[PDB]
Protein chains: 2
Amino acid sequence: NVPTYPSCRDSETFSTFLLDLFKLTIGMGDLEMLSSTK
Amino acid sequence: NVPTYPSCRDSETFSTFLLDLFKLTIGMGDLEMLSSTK
């Protein structure tokens, strides 16, 4: 700090990142940015 | 010319300018119309 993926890492971080990973490449070229990073 | 970027300048000015041009070379690409120029 809270169990939200667009802020923190959860159990589904293994899933939802790699879903959002190639989506951002092909057609989701708009922002889609994870603010809370180190 | 008021201290807002998408019509203007007053430095750092530039990192957001690359977002304006790189999206124009691809799809989603909002016009972000800079008719506010001289």
# chains A, B, ... in the order shown; residues from 1 in each chain; ligands from 1
>>> calpha_fit_rmsd(fixed="chain B", moving="chain A")
1.8 Å
>>> residues_around(residues="stretch 9-13 of chain B", least_positions_apart="6", cutoff="12 Å", atoms="only C-alpha atoms", output="count of residues only")
8
>>> interface_residues(of="chain B", to="chain A", cutoff="8 Å", atoms="only C-alpha atoms", output="list in words")
residues 23, 26, 27, 28 and 29 of chain B
>>> select_by_dssp(residues="chain A", states="alpha helix (DSSP H)", output="ChimeraX atom specification")
/A:13-26
>>> write_last_selection(atoms="N, CA and C atoms", output="PDB file, in the first residue's frame")
ATOM      1  N   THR A  13      -1.310 -11.903 -11.802  1.00  0.00           N
ATOM      2  CA  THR A  13      -0.302 -11.090 -12.474  1.00  0.00           C
ATOM      3  C   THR A  13       0.450 -11.923 -13.511  1.00  0.00           C
ATOM      4  N   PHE A  14       0.557 -13.232 -13.260  1.00  0.00           N
ATOM      5  CA  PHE A  14       1.092 -14.188 -14.223  1.00  0.00           C
ATOM      6  C   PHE A  14       0.245 -14.218 -15.490  1.00  0.00           C
ATOM      7  N   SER A  15      -1.067 -14.037 -15.336  1.00  0.00           N
ATOM      8  CA  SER A  15      -1.974 -14.089 -16.475  1.00  0.00           C
ATOM      9  C   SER A  15      -2.114 -12.727 -17.144  1.00  0.00           C
ATOM     10  N   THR A  16      -2.535 -11.719 -16.373  1.00  0.00           N
ATOM     11  CA  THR A  16      -3.063 -10.487 -16.955  1.00  0.00           C
ATOM     12  C   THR A  16      -1.971  -9.612 -17.560  1.00  0.00           C
ATOM     13  N   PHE A  17      -0.713  -9.868 -17.211  1.00  0.00           N
ATOM     14  CA  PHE A  17       0.360  -9.108 -17.829  1.00  0.00           C
ATOM     15  C   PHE A  17       0.590  -9.600 -19.248  1.00  0.00           C
ATOM     16  N   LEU A  18       0.682 -10.918 -19.416  1.00  0.00           N
ATOM     17  CA  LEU A  18       0.983 -11.504 -20.715  1.00  0.00           C
ATOM     18  C   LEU A  18      -0.204 -11.382 -21.666  1.00  0.00           C
ATOM     19  N   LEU A  19      -1.423 -11.277 -21.129  1.00  0.00           N
ATOM     20  CA  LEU A  19      -2.562 -10.865 -21.944  1.00  0.00           C
ATOM     21  C   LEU A  19      -2.372  -9.431 -22.417  1.00  0.00           C
ATOM     22  N   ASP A  20      -2.018  -8.534 -21.495  1.00  0.00           N
ATOM     23  CA  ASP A  20      -1.832  -7.132 -21.851  1.00  0.00           C
ATOM     24  C   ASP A  20      -0.523  -6.900 -22.600  1.00  0.00           C
ATOM     25  N   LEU A  21       0.361  -7.898 -22.635  1.00  0.00           N
ATOM     26  CA  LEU A  21       1.678  -7.712 -23.232  1.00  0.00           C
ATOM     27  C   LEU A  21       1.591  -7.621 -24.753  1.00  0.00           C
ATOM     28  N   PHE A  22       1.072  -8.663 -25.408  1.00  0.00           N
ATOM     29  CA  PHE A  22       1.047  -8.639 -26.867  1.00  0.00           C
ATOM     30  C   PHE A  22      -0.109  -7.804 -27.402  1.00  0.00           C
ATOM     31  N   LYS A  23      -1.124  -7.538 -26.573  1.00  0.00           N
ATOM     32  CA  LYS A  23      -2.206  -6.640 -26.974  1.00  0.00           C
ATOM     33  C   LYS A  23      -1.689  -5.226 -27.193  1.00  0.00           C
ATOM     34  N   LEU A  24      -0.773  -4.780 -26.327  1.00  0.00           N
ATOM     35  CA  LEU A  24      -0.203  -3.438 -26.427  1.00  0.00           C
ATOM     36  C   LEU A  24       0.661  -3.296 -27.677  1.00  0.00           C
ATOM     37  N   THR A  25       1.176  -4.415 -28.188  1.00  0.00           N
ATOM     38  CA  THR A  25       2.023  -4.369 -29.372  1.00  0.00           C
ATOM     39  C   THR A  25       1.198  -4.186 -30.642  1.00  0.00           C
ATOM     40  N   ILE A  26       0.192  -5.036 -30.849  1.00  0.00           N
ATOM     41  CA  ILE A  26      -0.456  -5.126 -32.156  1.00  0.00           C
ATOM     42  C   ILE A  26      -1.444  -3.986 -32.410  1.00  0.00           C
TER      43      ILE A  26
END
>>> decode(residues="stretch 2-19 of chain B", atoms="N, CA, C and O atoms", output="mmCIF file, in the first residue's frame")
data_model
loop_
_atom_site.group_PDB
_atom_site.id
_atom_site.type_symbol
_atom_site.label_atom_id
_atom_site.label_comp_id
_atom_site.auth_asym_id
_atom_site.auth_seq_id
_atom_site.Cartn_x
_atom_site.Cartn_y
_atom_site.Cartn_z
ATOM 1 N N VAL B 2 -3.201 28.510 -19.850
ATOM 2 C CA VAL B 2 -2.023 29.131 -20.450
ATOM 3 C C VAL B 2 -0.713 28.345 -20.153
ATOM 4 O O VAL B 2 0.083 28.153 -21.074
ATOM 5 N N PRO B 3 -0.458 27.847 -18.894
ATOM 6 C CA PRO B 3 0.663 26.903 -18.754
ATOM 7 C C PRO B 3 0.247 25.455 -18.975
ATOM 8 O O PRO B 3 0.578 24.579 -18.170
ATOM 9 N N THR B 4 -0.470 25.193 -20.066
ATOM 10 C CA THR B 4 -0.879 23.833 -20.410
ATOM 11 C C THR B 4 -0.162 23.486 -21.708
ATOM 12 O O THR B 4 -0.021 24.344 -22.583
ATOM 13 N N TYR B 5 0.295 22.238 -21.820
ATOM 14 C CA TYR B 5 1.034 21.810 -23.009
ATOM 15 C C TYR B 5 0.256 21.809 -24.324
ATOM 16 O O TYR B 5 0.729 22.460 -25.265
ATOM 17 N N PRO B 6 -0.938 21.099 -24.491
ATOM 18 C CA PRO B 6 -1.386 20.740 -25.855
ATOM 19 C C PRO B 6 -1.785 21.891 -26.776
ATOM 20 O O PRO B 6 -2.226 21.665 -27.906
ATOM 21 N N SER B 7 -1.633 23.124 -26.300
ATOM 22 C CA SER B 7 -1.575 24.286 -27.175
ATOM 23 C C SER B 7 -0.256 25.043 -27.116
ATOM 24 O O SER B 7 -0.109 26.024 -27.851
ATOM 25 N N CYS B 8 0.718 24.637 -26.297
ATOM 26 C CA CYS B 8 1.762 25.583 -25.920
ATOM 27 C C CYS B 8 3.096 24.897 -25.605
ATOM 28 O O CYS B 8 3.336 23.758 -26.017
ATOM 29 N N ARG B 9 3.961 25.592 -24.859
ATOM 30 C CA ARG B 9 5.357 25.243 -24.577
ATOM 31 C C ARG B 9 5.620 25.650 -23.123
ATOM 32 O O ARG B 9 4.774 25.311 -22.288
ATOM 33 N N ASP B 10 6.799 26.229 -22.786
ATOM 34 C CA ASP B 10 7.328 26.404 -21.421
ATOM 35 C C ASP B 10 7.781 25.088 -20.808
ATOM 36 O O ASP B 10 6.992 24.336 -20.229
ATOM 37 N N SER B 11 9.089 24.848 -20.965
ATOM 38 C CA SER B 11 9.885 23.633 -21.107
ATOM 39 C C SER B 11 9.512 22.369 -20.342
ATOM 40 O O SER B 11 8.786 22.389 -19.341
ATOM 41 N N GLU B 12 10.142 21.293 -20.829
ATOM 42 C CA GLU B 12 9.920 19.848 -20.841
ATOM 43 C C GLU B 12 8.968 19.400 -21.944
ATOM 44 O O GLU B 12 9.049 18.236 -22.352
ATOM 45 N N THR B 13 8.064 20.250 -22.455
ATOM 46 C CA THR B 13 7.812 20.594 -23.869
ATOM 47 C C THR B 13 7.918 19.515 -24.972
ATOM 48 O O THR B 13 7.209 19.590 -25.984
ATOM 49 N N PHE B 14 8.616 18.410 -24.716
ATOM 50 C CA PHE B 14 9.239 17.672 -25.805
ATOM 51 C C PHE B 14 8.971 16.181 -25.711
ATOM 52 O O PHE B 14 8.812 15.502 -26.728
ATOM 53 N N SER B 15 8.945 15.652 -24.487
ATOM 54 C CA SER B 15 8.656 14.236 -24.288
ATOM 55 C C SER B 15 7.212 13.929 -24.655
ATOM 56 O O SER B 15 6.901 12.859 -25.190
ATOM 57 N N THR B 16 6.316 14.877 -24.381
ATOM 58 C CA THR B 16 4.936 14.743 -24.825
ATOM 59 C C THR B 16 4.805 15.027 -26.317
ATOM 60 O O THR B 16 3.813 14.639 -26.944
ATOM 61 N N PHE B 17 5.790 15.711 -26.903
ATOM 62 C CA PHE B 17 5.743 15.990 -28.335
ATOM 63 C C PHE B 17 6.044 14.736 -29.144
ATOM 64 O O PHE B 17 5.541 14.574 -30.262
ATOM 65 N N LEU B 18 6.865 13.835 -28.594
ATOM 66 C CA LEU B 18 7.146 12.575 -29.277
ATOM 67 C C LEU B 18 5.946 11.641 -29.233
ATOM 68 O O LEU B 18 5.774 10.801 -30.123
ATOM 69 N N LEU B 19 5.110 11.763 -28.200
ATOM 70 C CA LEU B 19 3.859 11.012 -28.158
ATOM 71 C C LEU B 19 2.889 11.506 -29.225
ATOM 72 O O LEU B 19 2.072 10.742 -29.747
#
